[PDB]
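Asker: I'd like to ask some things about the structure below.
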Amino acid sequence: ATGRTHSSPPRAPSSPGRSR
Amino acid sequence: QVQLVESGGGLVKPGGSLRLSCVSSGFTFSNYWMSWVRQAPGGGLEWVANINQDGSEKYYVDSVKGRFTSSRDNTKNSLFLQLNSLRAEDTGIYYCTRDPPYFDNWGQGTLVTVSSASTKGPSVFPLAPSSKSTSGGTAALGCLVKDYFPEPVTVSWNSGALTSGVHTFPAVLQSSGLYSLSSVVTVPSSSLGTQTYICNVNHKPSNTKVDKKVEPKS
Amino acid sequence: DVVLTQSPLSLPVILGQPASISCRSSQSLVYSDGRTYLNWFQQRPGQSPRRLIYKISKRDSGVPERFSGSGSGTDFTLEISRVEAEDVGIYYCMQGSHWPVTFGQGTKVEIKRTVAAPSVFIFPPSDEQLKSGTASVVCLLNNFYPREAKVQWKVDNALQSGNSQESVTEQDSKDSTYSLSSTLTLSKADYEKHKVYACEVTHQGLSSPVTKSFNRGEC
Ligand SMILES: [Cl-]
């Protein structure tokens, strides 16, 4: 592994966490 | 073998609605995310929509949020795109695609035209071959498909039998807001009396279907 | 969004030669899972995109081996070792590593071939069209190379302007030539008010301008 063991393509926008 | 067959595109006024359909075969439809991708005329590809396997996740490019909704029906092998509040720039070929971001298989495209103008069938006029085509040389004959709206027209020759030598030109928008093209075909001068030449002009928007015979004029 | 910049935007190539398309990303293309989701598409006229390369360098099942992908970081390259005539068309790169999916603006691959001369034909208005009130005079340039060509129209030897539209086909997938039609549009009145209709054609393959003409009234 240089990245993650199985692929997980972005099929949805990123939704960061900004709250508790 | 994977097939993506699309339908539902046509002419629609600004602000109107239209519903695109994709029916697939040859694979387990419910295993894939599906995706819509549009191509503005003479233009680049633009991603439009994602929809997950069962329809619970739907994402859209920003220019369309609130106006387009995707949907899918996994028992019918069917993927839809509901277009709403259509704008001048929603014009283009809309493609169904499988499995973003791989996009391994594409539907054949379906054309969406956003316009005030209304449908109109073509006229089909023969371009008859010059009386002075060389004795044992090549003669050119053709079909002028004129004043129609919107696209597409399809032109074939001899019900698909005559195929080589055929040039169907890109439609051209005239000053009257209507489209016009010619379809030509080069054939041996020897056969001009022998062989019959019919151009099959299909224009599905107006349900026009024309078979025009092209013959030496005298 | 990521911006993918393709170059050159138009790539003329002698048949049988190497040809190389670049794709410079405005961003690295490695998603959080470590993978680079970069694709190449080929699109032929009136056809849907065909996937050639995926994940930078993997070739799809259909695709001939003369096609190959490579690169890392922000430069990626599509590479046709030996160009064939069927390979004319528009090629797109496509990144999927960062939301949302973005395409390059597309590179058109054109064949450089020997100069070929246009065969000119002219067609009078059909008599069926005159019965409605308009006269289309159609001038046809078949199977020529290169693409640039001038069609001038003359009615009773007066040069015309502003009443003819051109249409040019894409580069032929077999012989690599173009074809062009020019249509001259007139009212029934004006067409019947004039005798001789000519389209003059200048082109590299023509040492002197070819003119085809007819006279109204079965010529
Ligand atoms: Cl749904």
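By order in the structure tokens, chains are A, B, ...; within a chain, residues start at 1; ligands start at 1, following the order shown.
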Neighbours of ligand 1 at 10 Å or closer, counting only C-alpha atoms and all ligand atoms: which residues, as a PyMOL selection string?

Answerer: chain B and resi 51-58+69-74+78-81

Asker: Taking C-alpha atoms for each residue, export the selection above as a PDB file, in the first residue's frame.

Answerer:
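As a result, part_17.pdb now contains:
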```pdb
ATOM      1  CA  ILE B  51     -26.723   8.849  -9.017  1.00  0.00           C
ATOM      2  CA  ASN B  52     -25.794   5.948  -6.772  1.00  0.00           C
ATOM      3  CA  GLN B  53     -26.998   2.349  -7.115  1.00  0.00           C
ATOM      4  CA  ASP B  54     -30.418   2.709  -5.508  1.00  0.00           C
ATOM      5  CA  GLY B  55     -31.158   6.415  -5.988  1.00  0.00           C
ATOM      6  CA  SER B  56     -30.516   7.622  -2.438  1.00  0.00           C
ATOM      7  CA  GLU B  57     -27.506   9.760  -3.471  1.00  0.00           C
ATOM      8  CA  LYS B  58     -27.853  12.265  -6.298  1.00  0.00           C
ATOM      9  CA  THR B  69     -33.226  15.768 -10.877  1.00  0.00           C
ATOM     10  CA  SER B  70     -31.957  12.344 -11.752  1.00  0.00           C
ATOM     11  CA  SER B  71     -33.845   9.157 -10.936  1.00  0.00           C
ATOM     12  CA  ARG B  72     -33.526   5.485 -11.674  1.00  0.00           C
ATOM     13  CA  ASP B  73     -35.728   2.382 -11.756  1.00  0.00           C
ATOM     14  CA  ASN B  74     -33.620  -0.710 -11.218  1.00  0.00           C
ATOM     15  CA  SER B  78     -33.818   2.579 -16.539  1.00  0.00           C
ATOM     16  CA  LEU B  79     -32.093   5.850 -15.684  1.00  0.00           C
ATOM     17  CA  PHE B  80     -33.832   9.233 -16.070  1.00  0.00           C
ATOM     18  CA  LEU B  81     -32.928  12.903 -16.032  1.00  0.00           C
TER      19      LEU B  81
END
```

Asker: Residues of chain A within 8 Å of chain B, using only C-alpha atoms, as a list in words?

Answerer: residues 9, 10, 11, 12 and 13 of chain A

Asker: Show me, as a list in words, every residue of chain A with an atom at most 7 Å from chain C, counting only C-alpha atoms.

Answerer: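 The contacting residues on chain A are residues 2, 3, 4, 7, 8, 10 and 13 of chain A.
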
Asker: If you take only C-alpha atoms and a cut-off of 9 Å, which residues of chain C touch chain B, and what are their nearest atom pairs and distances in Å to one decimal, in chain and number order, as a tab-separated table?

Answerer:
```
residue	atom	partner	partner_atom	distance
C:37	CA	B:101	CA	7.0
C:38	CA	B:102	CA	8.4
C:39	CA	B:102	CA	7.4
C:47	CA	B:108	CA	6.9
C:48	CA	B:108	CA	5.5
C:49	CA	B:106	CA	7.0
C:50	CA	B:106	CA	7.6
C:51	CA	B:104	CA	6.2
C:54	CA	B:102	CA	7.0
C:55	CA	B:102	CA	8.5
C:60	CA	B:104	CA	8.4
C:92	CA	B:45	CA	8.5
C:94	CA	B:101	CA	8.9
C:95	CA	B:101	CA	8.0
C:96	CA	B:101	CA	5.3
C:97	CA	B:101	CA	8.2
C:100	CA	B:61	CA	7.6
C:101	CA	B:47	CA	6.2
C:102	CA	B:47	CA	7.0
C:103	CA	B:45	CA	6.2
C:104	CA	B:44	CA	7.6
C:105	CA	B:44	CA	5.5
C:106	CA	B:44	CA	6.9
C:121	CA	B:140	CA	7.1
C:122	CA	B:130	CA	7.5
C:123	CA	B:127	CA	5.9
C:124	CA	B:127	CA	7.4
C:125	CA	B:127	CA	7.7
C:126	CA	B:126	CA	6.3
C:127	CA	B:125	CA	8.7
C:128	CA	B:125	CA	6.8
C:129	CA	B:125	CA	6.6
C:136	CA	B:144	CA	8.7
C:138	CA	B:127	CA	7.9
C:140	CA	B:184	CA	8.6
C:142	CA	B:167	CA	8.8
C:165	CA	B:172	CA	7.8
C:166	CA	B:172	CA	8.1
C:167	CA	B:170	CA	6.4
C:168	CA	B:169	CA	6.5
C:169	CA	B:169	CA	5.7
C:170	CA	B:169	CA	8.9
C:179	CA	B:167	CA	7.7
C:180	CA	B:169	CA	7.9
C:181	CA	B:169	CA	7.7
C:218	CA	B:218	CA	8.0
C:219	CA	B:131	CA	8.8
```

Asker: Figure out the distance between atom CA of residue C:113 and atom CA of residue C:204, please, to one decimal in Å.

Answerer: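 Interatomic distance here is 12.9 Å.
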
Asker: What does the structure give for the distance between atom CA of residue B:178 and atom CA of residue C:202, in Å to one decimal?

Answerer: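 According to the coordinates, atom CA of residue B:178 and atom CA of residue C:202 are separated by 29.4 Å.
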